[PDB]
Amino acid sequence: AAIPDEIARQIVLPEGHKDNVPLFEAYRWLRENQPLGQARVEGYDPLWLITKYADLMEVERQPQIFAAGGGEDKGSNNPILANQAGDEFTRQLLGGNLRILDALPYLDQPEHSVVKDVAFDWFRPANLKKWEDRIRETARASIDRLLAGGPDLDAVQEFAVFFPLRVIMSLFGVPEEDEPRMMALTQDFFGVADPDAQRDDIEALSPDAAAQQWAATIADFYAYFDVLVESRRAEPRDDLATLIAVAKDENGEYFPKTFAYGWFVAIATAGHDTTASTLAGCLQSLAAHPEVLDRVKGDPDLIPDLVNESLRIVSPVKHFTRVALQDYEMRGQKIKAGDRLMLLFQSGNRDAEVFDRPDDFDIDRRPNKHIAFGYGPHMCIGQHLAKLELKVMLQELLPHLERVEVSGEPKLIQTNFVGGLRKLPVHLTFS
């Protein structure tokens, strides 16, 4: 049978993500009662909900079977779950397809492979170590402002959002003065279905509002990054913006400007917001588990284990979709050619078959098997930079904190996609 209506809506509708408790309960009910079923929500394509850790890996490691962008028919699958009216808007705007960015999530092999190889080396851990000092200096300046601002704040908008964005913008070689513009467009981009993040230039109540907001935000990013691409092509620098802007194909021709824009959009949004969310979720967890803060201050070598458990628990990238290019049997279910799948990375990270007491914050999981960065050739290119940023920040921050207290109501971004806290009122005790 189809998944029960209210379980399916809890996970498919952005509104279903506004509170973590009933969302994660719907996850768990599927893992325990219907681990691979089809959600048939009004206004949405039918979706296989991939709730199980083993199934996430099985799908992600077979891109010849489970495409992101629809394989040879490029843009016939939207790798980010829009509603039907939204996908219809995009096909109207683009002329019959959904490939609204040339960013990695929209690509299939072998194009995905060729484009990813532009930055693969740049993002490897050994190649990121040359940035560690500059990242640590950014952390220290952010912590200086935290300590100066006093102990009562919103740990998200008044702290956690700034460090990750300044790291990315510094790696682009883009001036600090442009950070507020990038922050605002990031909000427009991940807030397409959040009630407090509606753009002034879109009809908020239209059945395709989210898709119109996604398109409008991309057009604003294109305008900004066109100036950057042209600038770095004309005057190359030792920065990430240059690597992206000057990239050439096997024929010695520039990649089309949209491939640079796609990298720039991905790194200027998902390249910092996910970091911000994990750092804020980590502080929220330290408030609930003061003994963990004590322990990590006593043994700073525990910080990477803290990072890994915060990544598992927060899992701020909730899903990507795939399309079956052929019939495929998994967990006694018959997935048909053309069926879409919704990969639930947060659910995989609470799979009791993999994690003992999966809802418990436990930094002593060694190894911490989390799939917060996904899997397969699309596995997060920025995983090493995310682990480095979070390690460096916590190394510099945690000595300064004796206690975190949540003093007010946490608020999550209302999204089925890239979510996490937008507000965490705290009272900090400093050492």
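Note that residue numbering begins at 1 and tracks the sequence as displayed. Whichever C-alpha set is largest while still superposing within 1.5 Å between the two forms counts as the rigid core.
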**Fill in**
Core-aligned CA RMS in 6 other deposited structures of this protein: between 170 to 178 and 319 to 327 the higher one is 170 to 178
**Message:** Tell me which stretch, 48 to 56 or 364 to 372, has the higher mean Cα B-factor listed in the entry.
**Reply:** 364 to 372
**Fill in**
Comparing 231 to 239 with 110 to 118, the higher average Cα temperature factor in the PDB entry belongs to 231 to 239
**Asked** From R140, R350, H272, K318, which pick has the Cα B-factor that tops the rest in the entry?
**Response** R140
**Fill in**
The largest CA temperature factor among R322, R357, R312, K74 is found at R357
**Message:** Sorting by Cα B-factor within the chain, modelled residues only, which third would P14 end up in: lowest, middle or highest?
**Reply:** lowest
**Item:** Cα B factor band for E176 (lowest, middle or highest third within the chain)
**Value:** highest
**Prompt:** Going by the entry, which third of its chain does the Cα temperature factor of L343 land in?
**Reply:** lowest
**Prompt:** Going by what the PDB entry lists, where does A8 fall on CA B-factor within its chain: lowest, middle or highest third?
**Reply:** lowest
**Item:** Among modelled residues of the same chain, the CA temperature factor third for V406
**Value:** highest
